[PDB]
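All remarks here apply to the structure that follows.
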Amino acid sequence: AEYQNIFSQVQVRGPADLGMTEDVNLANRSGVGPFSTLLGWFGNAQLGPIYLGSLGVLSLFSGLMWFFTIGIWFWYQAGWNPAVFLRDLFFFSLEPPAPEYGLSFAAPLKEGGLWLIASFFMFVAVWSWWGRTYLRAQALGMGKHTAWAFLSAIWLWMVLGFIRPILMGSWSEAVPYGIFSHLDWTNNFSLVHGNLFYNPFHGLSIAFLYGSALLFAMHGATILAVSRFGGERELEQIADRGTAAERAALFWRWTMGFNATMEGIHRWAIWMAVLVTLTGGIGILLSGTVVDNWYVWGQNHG
Amino acid sequence: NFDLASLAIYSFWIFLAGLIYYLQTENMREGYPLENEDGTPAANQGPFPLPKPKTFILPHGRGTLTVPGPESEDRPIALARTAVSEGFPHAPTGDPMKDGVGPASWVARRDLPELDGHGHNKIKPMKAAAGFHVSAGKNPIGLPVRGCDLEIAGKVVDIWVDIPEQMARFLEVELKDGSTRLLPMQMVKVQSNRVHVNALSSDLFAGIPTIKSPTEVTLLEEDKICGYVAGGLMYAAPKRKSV
Amino acid sequence: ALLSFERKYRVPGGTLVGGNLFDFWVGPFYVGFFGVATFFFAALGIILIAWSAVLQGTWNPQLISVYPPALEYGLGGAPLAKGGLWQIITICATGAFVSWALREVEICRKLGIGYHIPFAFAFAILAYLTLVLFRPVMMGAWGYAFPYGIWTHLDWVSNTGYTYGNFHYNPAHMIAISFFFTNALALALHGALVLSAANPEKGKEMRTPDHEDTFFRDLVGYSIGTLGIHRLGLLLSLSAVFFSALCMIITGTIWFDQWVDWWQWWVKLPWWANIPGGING
Ligand code: BCL
Ligand code: BCL
Ligand code: BCL
Ligand SMILES: CC[C@H]1c2cc3[nH]c4c(c3C)C(=O)[C@H](C(=O)OC)c4c3nc(cc4[nH]c(cc(n2)[C@@H]1C)c(C(C)=O)c4C)[C@@H](C)[C@@H]3CCC(=O)OC/C=C(\C)CCC[C@H](C)CCC[C@H](C)CCCC(C)C
Ligand SMILES: CC[C@H]1c2cc3[nH]c4c(c3C)C(=O)[C@H](C(=O)OC)c4c3nc(cc4[nH]c(cc(n2)[C@@H]1C)c(C(C)=O)c4C)[C@@H](C)[C@@H]3CCC(=O)OC/C=C(\C)CCC[C@H](C)CCC[C@H](C)CCCC(C)C
Ligand SMILES: CCCCCCCCCCCCCCCC(=O)OC[C@H](COP(=O)(O)OCCN)OC(=O)CCCCCCC[C@H](Br)[C@@H](Br)CCCCCCCC
Ligand SMILES: CCCCCCCCCCCC[N+](C)(C)[O-]
Ligand SMILES: CCCCCCCCCCCC[N+](C)(C)[O-]
Ligand SMILES: CCCCCCCCCCCC[N+](C)(C)[O-]
Ligand SMILES: CCCCCCCCCCCC[N+](C)(C)[O-]
Ligand SMILES: CCCCCCCCCCCC[N+](C)(C)[O-]
Ligand SMILES: [Cl-]
Ligand SMILES: [Cl-]
Ligand SMILES: [Cl-]
Ligand SMILES: [Fe+3]
Ligand SMILES: [K+]
């Protein structure tokens, strides 16, 4: 058969790639980790090095303290028996404080307090990590597109767990930490707001989520299809268009009548994705603050 | 819009229309303005205008690229109209594999090698690439190369590797006369006892474009080689036996 | 009209059917035999929908809805007004989609590229064919397929899901969702990385793929590389859809009770089954 290039036929290895320096404070990069032949059939075999400054130490520590806080709660929910822990692992839930404690921190640890602690830790972890995304870009002289893109994800998370509960006047409106419980929450949220299929922002979010799958299938299939002309080498194709970029454009022009550039496909990409959680977080932020029932809103607003 | 949701959704649609507009103009930095088949500026360019140019500063002293700008093939195109009106194909006027047309097409990219983050040639033969070796999979160096006419076209004498990405990019193949050619790795099939190249018959190998220096390739040369081998799928088909 | 670089590629050849008969373009669009097949199937498809509107008595695009054969018709045919149209429009739909994949294969042939795109598309067609064709056939009626309407199909999604309780608990649907969200993560990041290299801080030189690896290693300790990431997006997104097909092909067929209750297999496993404590004892 013709070779498809989803996995590689031959792996090559050379000296560990320690990276570009630019302005990065090299005191804080680890050494390279192992090489994995398995990853190697699909992507790069090399693992590491990683950069861990102070902001990264904070983020990880805080992140771990979150997982832990939940874990403590779970093992406790499991009466300290590991059999029960493993058995019920998807049924355990760390729930927020009752409606009765509003936005206060007055609630007992076993009945709201731990949830606040966990949320505190997750807040510090994510935000510190956000700053990492900016600073690692900066040290290398690169654009801040990643940190901006990540902000759109942060937005939906921030709306669900912090902004919306603040605007609704209680932490009881926030999502519990639990595998089954957070799915139940999601279902319940829609039931209680007149079915989220009626929320125009929900519909957009889906358009974009599905569209991201459409787009990345298109894009990735396209780069692979032109990988015999060096397609994946997108920066140099940006700087000096080659037959790879041209055949790619023309595939699409001849299929659907218009097409992209090598740099431009990546702007369609970043936005297709980012609009998922943007529109998404609007949808939710408005739910119960401005609109109690999307079926009802729909009847009065086209 | 008495209500904030209505204001929100209406504002978002306006934004999305502006975003799509902006996105589409960003994607007109190459290949535009549209042209008639004779190469002149076409009459209807569409409702989107050309963006205001941007300039990229290329690294390693290699200049800048400003797009959009004066578009030009910078090579002659051996094809001729086959109809008296727009929209039909253009017959090659000679041998399209040699002429570089159709699926054998190449672009007049820079005739320098792609450089890496440190300004070193990106691709080099593995002999010249310190500490690089095959780490997994069947090593092709030494295998006979077979074209789609089921005839031996040569032997594999090296892998050309991308240093920074640590991957195989070409196989260097020695022909009957002792010269070598690069074959894209994406167009070969490393089998246990041979390398098989479906795109080309053995007689077409000599015709693969050569590289001016035996231990680097330039972007222009990459394009001609890759163009040529891909062209074989169409143009070598009368010599492609079943399989 | 033509892109500045396009003429060199507009050579004869690559068609799968009809030799040179349809080897030509209208504007930017390649036609070919499957271009003709596609137009024919789409056109008839739309005319029937446009008619089906008439018989519903509406023209509003947010009202128009073509409903499948009522569940009592089984896997037989129904009159045009009462199901027949949907059956014929599904045939036209499949015809148009499959014809579009085969046109795509033709463009690939003419352009000398790999067949990855139409292959990718084939996964979308299969998802569709699960919903309108494989699932209904395994269940015994066209009534189980979704109807063609902007809102009515959403009505169908919700009714279908709530038949099995909270649909979230379908485990193939959990995997499917994970691939969708991870794909969107991957697309954000990939878009963002390439652009951050192509468009570096003010006054500086374009960065290099080595900057892109370095950025990700510094951040998460790993870089998949640029061949990798395109392999990845294709895999994530195709996987999202494969699990979407799977999660439905099983629902109504191997599993038809409440999905939440499926997870009882794990809970009730014999070693920890009867240990007291926890949520489940
Ligand atoms: C996949 C699981 C369910 C389903 C679940 C949902 C849910 C849930 C939602 C949608 C939504 C949409 N769905 Mg649906 N949808 C299904 C199957 C389909 C099929 C199909 C033939 O299989 C089609 C064509 C559509 C089309 C659509 C759009 C009307 C709308 C936006 C989707 C989008 O952007 O996707 C990604 C694609 C792109 C960004 C590319 C462009 C696609 C365009 C917009 C499709 C236009 C369709 C047009 C209105 C009908 C044309 C028919 C003509 C006769 C040719 N759906 C199945 C039955 N769909 C959303 C909505 O808001 O509905 C009101 C929404 O919330
Ligand atoms: C019965 C259930 C309701 C319903 C209830 C809800 C609710 C409630 C919500 C959604 C939301 C969404 N739903 Mg809905 N939804 C339904 C039906 C559907 C259907 C369908 C076919 O029926 C589809 C396709 C969707 C699709 C979607 C998405 C478009 C959207 C979530 C986007 C996203 O990426 O979130 C995922 C992305 C995030 C959550 C971002 C999180 C980022 C943070 C910063 C990450 C931190 C990670 C942390 C550090 C731990 C990680 C550890 C590391 C791995 C080491 N829904 C039905 C009608 N849906 C959300 C939305 O936007 O609505 C408008 C939402 O809030
Ligand atoms: C109350 C509703 C239930 C529910 C019930 C269901 C049901 C029921 C289904 C899903 C399905 C899905 N759901 Mg669920 N689901 C719920 C909650 C969610 C949530 C959430 C955050 O809560 C999410 C993220 C999802 C996510 C998903 C996806 C895994 C999957 C949909 C994508 C898909 O199938 O694409 C597949 C893509 C297609 C079918 C696209 C086909 C496009 C074709 C090939 C081309 C058409 C071209 C067009 C006509 C041309 C137009 C003209 C041009 C534009 C010019 N669900 C709630 C709990 N979900 C669906 C699924 O898996 O289906 C297989 C499904 O049937
Ligand atoms: C914009 C829409 C999409 C999106 C975008 C997006 N997400 C992003 C970004 C962007 C642009 C990032 O830059 C950022 C990132 O870093 O990606 C690599 C991120 C990110 N998105 C993430 C997740 C995520 N995104 C999601 C969604 C989405 N993200 C959307 C679909 C989702 C969901 C729910 O669908 C999830 C779960 C993270 C991978 C990453 C943010 C990381 C973060 O904030 O971490 C804080 C928490 C920790 C640091 C603790 C982690 C602990 C580790 C397991 C390490 C263990 C510790 C140590 C190794 C030693 C001890 C271990 C033991 C062995 C003892
Ligand atoms: C497999 C992974 C993802 C994927 C991939 C994918 N889709 C693709 C491709 C690929 C690789 C293409 O090459 C092809 C393309 O050309 O894209 C621009 C395509 C395509 N994916 C499309 C849409 C699409 N993909 C989707 C999903 C996905 N596609 C996945 C998430 C979805 C949804 C709902 O999520 C939609 C809506 C089209 C843009 C395009 C296919 C165009 C095509 O087939 O055109 C020929 C047909 C017509 C022009 C019209 C046909 C008219 C019918 C006869 C009548 C309509 C009947 C229909 C069932 C009614 C629906 C009513 C709705 C309210 C439900
Ligand atoms: C949630 C997102 C998480 C991403 C980050 C995961 C956290 C991983 C943390 C790993 C801990 C790192 C240990 C390093 C500290 C140490 O003691 O070893 C250092 C030592 C050298 O120190 P030296 O003194 O020489 O250097 C200083 C001057 N240059 O190096 C080593 O021995 C080990 C290096 C190990 C690096 C490997 C990291 C791999 C990460 Br986890 C990859 Br495999 C996984 C992430 C996948 C992608 C996740 C995101 C996907 C969306
Ligand atoms: C109000 C919280 C907002 C963010 C949503 C957090 C819920 C997702 C947690 C999923 C389950 C994690 N856990 C603890 C079970 O492992
Ligand atoms: C959501 C549906 C969007 C469909 C997009 C169709 C755009 C194709 C435009 C092709 C351009 C053809 N022409 C003659 C105007 O140049
Ligand atoms: C899939 C194609 C979507 C193209 C987006 C174009 C949106 C047009 C919105 C214009 C604003 C309309 N309105 C009434 C809200 O003002
Ligand atoms: C017939 C539906 C076609 C859908 C394509 C949508 C095109 C959006 C054009 C943006 C309009 C430009 N504007 C007015 C925002 O500046
Ligand atoms: C998500 C909706 C897809 C975007 C469709 C809008 C783009 C239409 C582009 C047609 C312009 C082509 N043209 C004339 C510049 O060659
Ligand atoms: Cl750090
Ligand atoms: Cl942008
Ligand atoms: Cl060098
Ligand atoms: Fe890319
Ligand atoms: K070596």
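The numbering of chain C matches Swiss-Prot: 2-282, in order.
Placement of Cβ uses the backbone N, Cα and C atoms for every residue, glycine included.
Marked as topological domain 'Cytoplasmic' by Swiss-Prot: C:2-32 (among others).
Same-chain residues lying 6+ beyond the ends of the transmembrane segment (C:33-56) with a Cβ under 8 Å from its Cβ atoms: 16-19, 22-24, 65, 67, 81-82, 86-87, 89-90, 93-94, 96-97, 100-101, 103-104, 107, 149. The feature transmembrane segment is assigned by Swiss-Prot to C:33-56 (among others).
Here Swiss-Prot flags C:57-83 (among others) as topological domain 'Periplasmic', drawing on experimental evidence. Counting residues per DSSP class in helix, strand and coil order gives 7 helix, 1 strand, 19 coil for the topological domain 'Periplasmic' (C:57-83).
The transmembrane segment annotation in Swiss-Prot covers C:84-112 (among others).
Annotation source Swiss-Prot lists topological domain 'Cytoplasmic' at C:113-116 (among others), citing experimental evidence. Beyond the ends of the topological domain 'Cytoplasmic' (C:113-116), by six or more residues, the same chain brings 106 to within a C-beta distance below 8 angstroms of the stretch.
The transmembrane segment annotation in Swiss-Prot covers C:117-139 (among others). Within the chain, the transmembrane segment (C:117-139) has long-range Cβ neighbours (under 8 A, six or more residues past its boundaries) at 69, 76, 91, 94-95, 98-99, 101-103, 105-106, 109, 145-147, 235, 238-239, 242-243, 245-246, 249-250, 252-254.
A Cβ distance under 8 Å defines the sequence-distant neighbours of the topological domain 'Periplasmic' (C:140-171), meaning residues of its chain 6+ beyond its ends; these are 50, 62-76, 79, 84, 87-88, 90-91, 132-134, 248, 251-254, 256-264. Among the features that Swiss-Prot reports, topological domain 'Periplasmic' is placed at C:140-171 (among others), with the record citing experimental evidence.
Mapped onto three states, the DSSP output places C:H154 ((7R,8Z)-bacteriochlorophyll b binding site) in helix. If you draw a 10 Å sphere around the CB of C:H154 ((7R,8Z)-bacteriochlorophyll b binding site), it holds 14 other CB atoms from the protein chains shown. As annotated by Swiss-Prot, (7R,8Z)-bacteriochlorophyll b binding site applies to C:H154, C:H174.
What Swiss-Prot records for C:172-199 (among others) is transmembrane segment. Within its own chain, the transmembrane segment (C:172-199) is flanked in space by residues 207-210, 212-213, 216-217, 230, 233-234, 237-238, 240-242, 244-245, 247-248, 251, 263-264, which lie at least six positions past its ends and keep a Cβ under 8 Å from the stretch.
The Fe cation binding site annotation in Swiss-Prot covers C:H191, C:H231. Listed in sequence order, the residues of the same chain lying 6 or more apart from C:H231 (Fe cation binding site) and placing their CB within less than 8 Å of its CB: none are present.
Taken from Swiss-Prot, the feature topological domain 'Cytoplasmic' applies to C:200-225 (among others). The list of residues near the topological domain 'Cytoplasmic' (C:200-225) in space but at least 6 beyond its ends in sequence, with Cβ under 8 angstroms from a Cβ of it, reads 194, 233.
Within 10 Å of the C-beta of C:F217 (ubiquinone binding site) there are 22 other C-beta atoms, taking all protein chains into account. According to DSSP, C:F217 (ubiquinone binding site) is assigned to a helical segment. The ubiquinone binding site annotation in Swiss-Prot covers C:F217.
The annotation transmembrane segment is assigned in Swiss-Prot to C:226-251 (among others). For the transmembrane segment (C:226-251), same-chain residues at least 6 beyond its ends with a Cβ under 8 Å from one of its own Cβ atoms are 117, 121, 124-125, 127-128, 131-132, 135-136, 139, 171-174, 176-177, 180-181, 183-184, 187-188, 191, 210, 213-214.
Panel annotation: around the topological domain 'Periplasmic' (C:252-282), residues 136, 139-140, 145, 161, 165-172 of the same chain, lying at least six beyond its termini, place a Cβ under 8 Å from a Cβ of the stretch. If you look up Swiss-Prot, you'll see C:252-282 (among others) marked as topological domain 'Periplasmic'.
Counting residue by residue with DSSP, the topological domain 'Periplasmic' (C:252-282) contains 13 helix, 2 strand, 16 coil. Chain A comes within the C-beta cut-off of under 8 angstroms for the following of the binding-site residues C:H154, C:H174, C:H191, C:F217, C:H231: C:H191, C:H231. Counted over every protein chain shown, other Cβ atoms within 10 Å are most numerous around C:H191 among the binding-site residues C:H174, C:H191. Each residue contributes its Cα atom, and for C:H154 ((7R,8Z)-bacteriochlorophyll b binding site) and C:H191 (Fe cation binding site) those atoms are 33 Å apart. Counting residues 6+ beyond its ends, the topological domain 'Cytoplasmic' (C:2-32) has Cβ neighbours under 8 Å at 103-104, 106-112 in the same chain. Cβ atoms under 8 Å from those of the transmembrane segment (C:84-112) belong to residues 10, 12, 14-17, 31, 33-36, 38-39, 42-43, 45-46, 49-50, 52-53, 56, 67-71, 74, 78, 118-119, 122-123, 125-126, 129-130, 133-134, 143, 146, 148-149 of the same chain, restricted to positions at least 6 beyond its ends. In the three-state DSSP reading, C:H231 (Fe cation binding site) counts as helix.
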